[PDB]
Amino acid sequence: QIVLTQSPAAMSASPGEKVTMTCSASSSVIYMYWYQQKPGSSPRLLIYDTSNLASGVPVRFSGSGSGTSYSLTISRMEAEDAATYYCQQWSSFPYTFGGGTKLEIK
Amino acid sequence: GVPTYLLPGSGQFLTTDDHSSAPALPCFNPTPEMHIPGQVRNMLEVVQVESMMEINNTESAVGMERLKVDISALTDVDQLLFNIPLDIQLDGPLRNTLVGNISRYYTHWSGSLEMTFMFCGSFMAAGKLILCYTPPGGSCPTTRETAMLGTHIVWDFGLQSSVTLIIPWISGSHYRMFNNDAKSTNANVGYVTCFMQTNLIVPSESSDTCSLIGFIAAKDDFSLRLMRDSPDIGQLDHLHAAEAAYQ
Amino acid sequence: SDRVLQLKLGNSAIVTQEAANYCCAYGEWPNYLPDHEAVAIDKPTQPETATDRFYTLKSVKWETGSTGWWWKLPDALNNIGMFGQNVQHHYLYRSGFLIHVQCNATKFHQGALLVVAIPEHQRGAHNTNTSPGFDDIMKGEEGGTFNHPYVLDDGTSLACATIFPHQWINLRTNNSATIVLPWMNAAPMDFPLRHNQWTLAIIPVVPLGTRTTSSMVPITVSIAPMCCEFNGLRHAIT
Amino acid sequence: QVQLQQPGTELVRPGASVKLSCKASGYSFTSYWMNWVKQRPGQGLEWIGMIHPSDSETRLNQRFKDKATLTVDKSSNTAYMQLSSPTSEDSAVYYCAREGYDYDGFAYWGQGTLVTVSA
Amino acid sequence: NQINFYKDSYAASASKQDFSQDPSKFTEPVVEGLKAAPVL
Amino acid sequence: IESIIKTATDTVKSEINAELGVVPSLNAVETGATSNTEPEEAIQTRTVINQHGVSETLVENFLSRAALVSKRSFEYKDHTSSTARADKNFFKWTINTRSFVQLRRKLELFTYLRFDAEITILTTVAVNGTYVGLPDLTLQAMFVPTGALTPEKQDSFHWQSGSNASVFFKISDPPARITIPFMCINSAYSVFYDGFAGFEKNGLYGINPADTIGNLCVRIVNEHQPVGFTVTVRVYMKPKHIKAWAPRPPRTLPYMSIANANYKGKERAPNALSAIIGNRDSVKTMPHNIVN
């Protein structure tokens with residue numbers, strides 16, 4: 001059971017600012033996945049294999065990282081983007097998820 | 001200095017070339033050797049180990065049902081059980097054997113082969129079998145009186161469970177080729193048919209359906225030549241996680 | 010002459026009246042680590058008769074729909090006896106194994122077992138890219154079950170499994186199969202908990218069946234370590 | 001095109017048998033897996049396990065494997081989820097999700113159901 | 027023929043000259059050797 | 001018994017023999033030993049002098065060939081525009097034998113291997129879309149052990165390589181070839197590793213350090229040209245000085261990932277999960293049977 005540490009647990013950002021998150025793993029995984037869950041909606045896949053963007057995902061989203069450290073990058077923040085964020089590992093069973101990241105627009 | 005001149009084939013990269021090259025790590029000392037069991041110096045050591053033929057390859061057979069041949073009691077004398085195509089380098093039953101996989105890396109092959117069948121029926125089961133080998137040029141014999149004209153052995157169930165059928169090396173040439181025509185005179189090895197000598201008799205308490213397990217190995221006169229790539233494996237795409245090694 | 014066999018090592022002994030010429034893997038017999046192959050300087054401990062003896066595992070039922078059973082070593086033995094204590098207190102170990110499998114049936118039963126010891130068996134997973142987990146691979150004493158024994162779960166062929174040290178249990182010919190495994194590894198010693206050098210498999214090549222009244226047929230495995238050594242004495246990690 | 005239809009809130013009892021289905025459309029029901037994830041209020045997601053409808057092969061998380069069993073139906077194209085001994089910890093939001101057509105990680109999700117445990 | 031002017035011994039060309047075989051370990055991994064004779 | 005066998009064995013002539021108590025054709029597979037029945041004992045043979053050589057099946061001759069371990073293409077241009085996911089004129093590859101299945105399945109026929117890695121880098125340049137010409141570029145390949153600090157930029161000061169071994173070569177020059185020794189901390193490599201590397205239970209299954217050669221960092225030393233090119237680097241590895249132990253079964257089903265042994269199987273035979281060999285009508289049916 002690889003424990004994924006999602007840091008920071010919370011952040012605040014203005015529209016247009018760059019936000020950056022870090023998903024730390026208790027071991028070395030291969031690819032990192034990322035999710036968005038709206039306030040009361042179902043999750044959605046955004047970055048898979050730490051490179052590509054899924055459907056309906058703007059180019060503003062990005063991801064990178066290797067080894068045990070993986071990160072998500074959003075170039076320009078928008079007010080509609082406030083939601084929880086998760087990181088998943090495909091490498092070993094069971095599938096483990098990040099702690100979650102909550103953020104609002106000030 | 002020394003006057004020289006280049007030859008055709010200078011600067012080329014040949015995958016099979018044998019040459020010495022610049023060591024990347026100077027004065028490196030590899031780890032001392034430790035004795036490990038089961039060293040294979042020559043690949044002909046592997047092909048001499050008997051491995052299970054898959055005779056039952058057919059529909060309505062899933063998974064492990066394909067490695068055994070069901071034998072049952074019969075109401076008619078002189079019946080055929082199964083037949084084995086003998087081409088190693090085609091897709092036939094011999095494909096997945098040790099002798100079959102190592103031989104599909106090579107274009108030419110030579111030497112005698114052996115089949116071995118182990119009767120797995122109950123201790124109270126009796127029977128006699130005949131294992132026939134027909135050299136090429138004819139059609140697969142469907143009758144025993146036509147099949148017993150070739151190399152065969154008659155086998156009676158007992159304490160020893162296994163009979164060995166030598167397939168001798170019979171050819172006009174020193175080798176045979178893999179080439180994808182199965183009927184070529186340089187390829188086809190002939191046929192193997194198995195008939196009921198007498199019958200399979202079992203008591204009412206024992207199970208009436210008994211099974212055989214085909215094995216095949218290679219003798220110490222076996223040989224292989226002209227290595228090639230193996231068709232048994234191939235990829236149309238990059239494997240998973242292969243891109244991650246570039247991260 | 011090769012039919013009856015007795016194995017006396019330790020305070021335990023096993024007799025069998027039907028056996029075929031017990032298999033000695035790769036012609037190698039277990040022995041202690043010689044002085045020229047020894048990496049660790051500390052004086053190793055050799056419990057001898059304490060850790061070298063047959064440890065019987067839990068019997069498994071054999072039923073027609075059985076897909077086969079596997080046990081990984083030393084992992085199966087790490088919780089058992091004084092061998093299981095030396096594993097927990099000691100950083101390193103080196104030993105060979107002696108496998109004996111007991112399956113019996115009436116002369117009216119038919120069946121066959123391929124009993125094979127797969128060196129360095131790396132298991133796969135069906136129709137997924139995810140590597141197997143820690144609890145999937147490490148079953149302890151209970152042992153696991155083949156999902157697809159036809160491919161040996163690693164994607165290889167069961168037909169070629171005879172290249173590994175093996176015997177058969179053919180309910181007609183013999184009631185037991187014995188395999189003697191030396192130390193297999195690239196390193197002279199090894200960490201007991203994470204790495205498993207051998208995987209013992211019992212595969213139903215030919216299924217069970219009879220027309221006699223149905224009964225339970227157990228499959229029992231008695232595993233005896235041989236020439237054990239241990240290094241890195243510390244507190245028990247367990 | 002694909003639509004995973006999941007039921008709504010279901011009140012349960014302390015030790016009854018929870019019956020949860022999942023619906024599939026727009027794709028071959030036997031060609032992919034089915035994955036179940038739980039959500040506690042203000043908590044992170046956890047992965048219960050999977051089942052493959054073809055041969056009815058399931059693979060579960062080491063922890064929930066004993067407390068949950070999965071069932072599939074190829075005819076009605078409806079995957080089932082059953083829980084045992086509902087308690088205060090079993091109240092959560094359950095999603096049934098599946099792998100992407102070439103992508104990994106649950107690109108298609110469900111609508112979720114809210115399990116309310118009361119005694 | 028071989029030519030190696032490099033100092034390190036692992037830089038040398040591949041050595042194909044080892045013909046030693048021991049098929050008896052794979053083919054005959056038994057404690058009692060078989061007779062060319065019923066074994067059982 | 002170990003012996004020097006340079007050729008296939010000779011055949012001796014045998015006569016008609018019927019004798020009680022001697023049954024050369026009977027064996028016991030339950031012993032696990034291969035049938036020792038000789039052709040002389042089964043049927044009646046003639047004296048043959050077999051001159052066929054065994055030299056081409058030697059594990060040294062068998063396993064040692066140049067096979068493609070890696071192939072990697074990247075753009076050569078000014079990267080001040082393109083994002084970070086694209087290559088910035090350098091790329092780092094962790095050296096593994098599991099990327100391509102021809103060499104992978106062939107090295108997985110054995111449990112342990114001890115060999116020297118002879119590496120060859122072959123580079124091919126093209127022009128992105134009017135044609136101009138193929139420039140002559142100098143490429144650096146620096147050998148970085150696993151876990152060390154690899155360059156983050158083309159122009160980074162990590163490429164000075166005062167310690168790490170590097171090699172320089174040109175497109176026009178013959179392919180660069182270096183010999184990597186046997187660096188495993190053990191006596192041989194583990195092709196299959198049953199266990200975990202780390203003491204914690206979160207480790208990876210089958211992923212073993214000390215079986216990784218290291219990282220190979222390749223860049224284009226020349227500064228970016230006014231026109232974007234496309235460079236493709238192919239690396240070939242030839243084992244040599246080979247010792248092999250404990251042969252294994254050849255893998256049937258196709259590979260899925262390089263990180264593990266996970267199998268899938270094709271949709272139908274051959275090489276299907278349930279059927280490895282293609283299906284025929286019945287056990288009595290001969291597909292290629294001759295008809296005249």
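Residue numbers (the entry's author numbering), protein chains in the order written: chain F, 1 to 106; chain C, 1 to 247; chain B, 10 to 247; chain E, 1 to 119; chain D, 27 to 62, 64 to 67; chain A, 1 to 129, 134 to 296. Heads up, the beta-carbon is just placed ideally off N, CA and C, and yes, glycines get one too.
Cross-strand partners of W79 (chain B) (DSSP beta bridge)
Counting from one through the third sequence, the residue named residue 79 (chain B) turns up at place 70. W79 (chain B) is bridged to B:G153 and B:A210.
Does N88 (chain B) come within less than 8 Å of chain E when only Cβ atoms are used?
Within the third sequence, numbered from 1, the residue matching residue 88 (chain B) stands at position 79. False, the Cβ-Cβ gap to chain E never drops below 8 Å.
Kindly indicate the opening and closing residues of the alpha helix (DSSP H) around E145 (chain C).
The sequence position of residue 145 (chain C) within the second sequence is 145, counting from 1. Start and end: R144 to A147.
At 9 Å on the CB atoms, spell out the chain C contacts of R105 (chain A), in chain order.
Along the sixth sequence, read from residue 1 onward, the residue named residue 105 (chain A) stands at position 105. In chain order: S230, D232 and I233.
Mind checking whether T221 (chain B) and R252 (chain A) have CB atoms under 8 Å apart?
Working through the third sequence from its first residue, we reach residue 221 (chain B) at position 212. Working through the sixth sequence from its first residue, we reach residue 252 (chain A) at position 248. Contact flag unset, no.
Using 8 Å as the threshold, is the segment 95-106 of chain C in touch with the segment 41-48 of chain C, meaning 3 or more CB pairs across them?
yes
Residues in the segment 62-95 of chain B having any Cβ partner in chain D nearer than 7 Å:
none
For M64 (chain C), count the other beta carbons within 10 Å of its own beta carbon; 16 or more makes it buried, fewer makes it exposed. Which is it?
One-based indexing of the second sequence puts residue 64 (chain C) at position 64. Around the beta carbon of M64 (chain C), 16 or more other beta carbons lie within 10 angstroms, which makes this residue buried.
Determine the burial state of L149 (chain C): buried for a count of at least 16 other Cβ atoms within 10 Å of its Cβ, exposed for fewer.
Position 149 of the second sequence, counting from 1, holds the residue named residue 149 (chain C). Classification of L149 (chain C): exposed, given that the 10 Å Cβ count is below 16.
What residues in the segment 144-175 of chain A bring their beta carbon closer than 9 Å to a beta carbon of chain F?
Under the 9 Å Cβ criterion, the segment 144-175 of chain A contributes no residue.
Are there 16 or more other CB atoms within 10 angstroms of the CB of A187 (chain C), so buried, or fewer, so exposed?
For the purposes of this step, residue 187 (chain C) is identified with residue 187 of the second sequence, where counting begins at 1. With 16 or more other Cβ atoms within 10 Å, it is buried.
Below 8 Å on the Cβ atoms is my guess for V29 (chain A) versus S162 (chain C); work out the distance and round it to an integer in Å.
To locate residue 29 (chain A), count along the sixth sequence from 1; it is residue 29. To locate residue 162 (chain C), count along the second sequence from 1; it is residue 162. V29 (chain A) to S162 (chain C), Cβ: 5 Å. Contact.
Spatial neighbours of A54 (chain F) within its chain, please: CB distance less than 8 Å, with the 5 preceding and 5 following residues excluded, ordered by chain position.
As a working note, residue 54 (chain F) is residue 54 in the first sequence. Only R44, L45, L46, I47 and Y48 meet the Cβ criterion.
Is any beta-carbon of chain E found at less than 8 Å from that of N136 (chain B)?
For the purposes of this step, residue 136 (chain B) is identified with residue 127 of the third sequence, where counting begins at 1. Interface residue, yes.
Would you say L18 (chain B) and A28 (chain B) are within 8 Å of each other, going by their C-beta atoms?
Position 9 of the third sequence, counted from the first residue, corresponds to residue 18 (chain B). Position 19 of the third sequence, counted from the first residue, corresponds to residue 28 (chain B). It is not a contact, given that the beta carbons lie outside the stated cut-off.
List, in chain order, every chain F residue whose beta-carbon is nearer than 9 Å to that of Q79 (chain C).
For the purposes of this step, residue 79 (chain C) is taken as residue 79 along the second sequence, with counting starting at 1. Contact annotation for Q79 (chain C) against chain F: no contact, minimum CB-CB distance about 52 Å [criterion: below 9 Å].
Using the C-alpha atoms, what's the distance from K92 (chain A) back to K19 (chain E)?
Residue 19 (chain E) sits at position 19 when you count from the first residue of the fourth sequence. Residue 92 (chain A) sits at position 92 when you count from the first residue of the sixth sequence. Roughly 51 Å separates the two Cα atoms.
Can you check whether the C-beta of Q1 (chain F) is within less than 8 Å of a C-beta belonging to chain A?
As a first step, residue 1 (chain F) must be located in the first sequence, where it is residue number 1. Yes, its Cβ sits closer than 8 Å to a Cβ of chain A.
Cα-Cα separation between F115 (chain A) and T97 (chain A), rounded to whole angstroms
Taking the sixth sequence and counting its residues from 1, the one referred to as residue 115 (chain A) is at position 115. Taking the sixth sequence and counting its residues from 1, the one referred to as residue 97 (chain A) is at position 97. C-alpha separation (whole angstroms): 13 Å.
Chain C contact for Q47 (chain D) (CB, 8 Å cutoff):
The sequence position of residue 47 (chain D) within the fifth sequence is 21, counting from 1. Chain C contact via Cβ: present.
For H52 (chain A), return the contacting residues in chain D, with the cut-off set at a CB-CB distance below 7 Å.
Counting from one through the sixth sequence, the residue named residue 52 (chain A) turns up at place 52. The contacting residues do not exist; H52 (chain A) stays about 14 Å from chain D at best.
Neighbour-count burial assignment, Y102 (chain B), 16 or more Cβ in a 10 Å radius:
One-based indexing of the third sequence puts residue 102 (chain B) at position 93. Burial is judged here by how many other beta carbons sit within 10 angstroms of a residue's own beta carbon; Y102 (chain B) has at least 16 and is buried.
Bridge-paired residues (DSSP) for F215 (chain C)
On the second sequence, position 215 is the one that residue 215 (chain C) refers to. Its beta-bridge partners are C:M52 and C:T116.
I'd like the ranges of any alpha helix (DSSP H) spanning at least 4 consecutive residues and lying wholly in the segment 193-257 of chain A.
none
Interfacial residues, the segment 51-77 of chain F to chain C, with Cβ spacing under 7 Å
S66
Interface flag, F52 (chain D) vs chain B, CB-CB below 8 Å:
As a first step, residue 52 (chain D) must be located in the fifth sequence, where it is residue number 26. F52 (chain D) belongs to the set of residues whose beta carbon lies under 8 Å from a beta carbon in chain B.
Own chain partners of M91 (chain B) with C-beta closer than 6 Å, once the 5 adjacent residues on each side are dropped:
Position 82 of the third sequence, counted from the start, is the residue given in the question as residue 91 (chain B). Cβ within range, chain order: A59 and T60.
Thinking C-beta only, is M260 (chain A) closer than 8 Å to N156 (chain B)?
Indexing the third sequence from 1 puts residue 156 (chain B) at position 147. Indexing the sixth sequence from 1 puts residue 260 (chain A) at position 256. No, the Cβ-Cβ distance between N156 (chain B) and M260 (chain A) is not below 8 Å.
In terms of residue numbering, what span does the alpha helix (DSSP H) encompassing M77 (chain F) cover?
Your numbering for residue 77 (chain F) matches position 77 in the first sequence. No alpha helix (DSSP H) holds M77 (chain F); DSSP gives it neither H nor E.
Determine the chain C residues that contact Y31 (chain F) at a beta-carbon separation under 7 Å, and present them in chain order.
Within the first sequence, numbered from 1, the residue matching residue 31 (chain F) stands at position 31. Correct list: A244.
Would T134 (chain A) and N219 (chain A) be called neighbours here (beta carbons separated by less than 8 Å)?
In the sixth sequence, the residue the question calls residue 134 (chain A) occupies position 130. In the sixth sequence, the residue the question calls residue 219 (chain A) occupies position 215. For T134 (chain A) and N219 (chain A), no; Cβs fall outside 8 Å.
On the DSSP letters alone, give me the boundaries of the beta strand (DSSP E) that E75 (chain A) sits inside.
Here residue 75 (chain A) is taken as the residue at index 75 of the sixth sequence, counted from 1. Run containing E75 (chain A): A67 to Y76, per the beta strand (DSSP E) assignment.
Opening and closing residue of the beta strand (DSSP E) in which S21 (chain E) lies:
Working through the fourth sequence from its first residue, we reach residue 21 (chain E) at position 21. Element bounds for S21 (chain E): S17 to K23.
Contact with chain E by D162 (chain B), beta-carbon distance below 8 Å
Within the third sequence, numbered from 1, the residue matching residue 162 (chain B) stands at position 153. By this cut-off, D162 (chain B) is not an interface position.
State the start and end residues of the unbroken beta strand (DSSP E) segment that holds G49 (chain E).
Along the fourth sequence, one-based indexing puts residue 49 (chain E) at 49. Start and end: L45 to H52.
Starting from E57 (chain E), trace the beta strand (DSSP E) both ways and give me its first and last residue.
Within the fourth sequence, residue 57 (chain E) is the residue found at index 57, counting from 1. Looking at the DSSP string, the run of the beta strand (DSSP E) that includes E57 (chain E) is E57 to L60.
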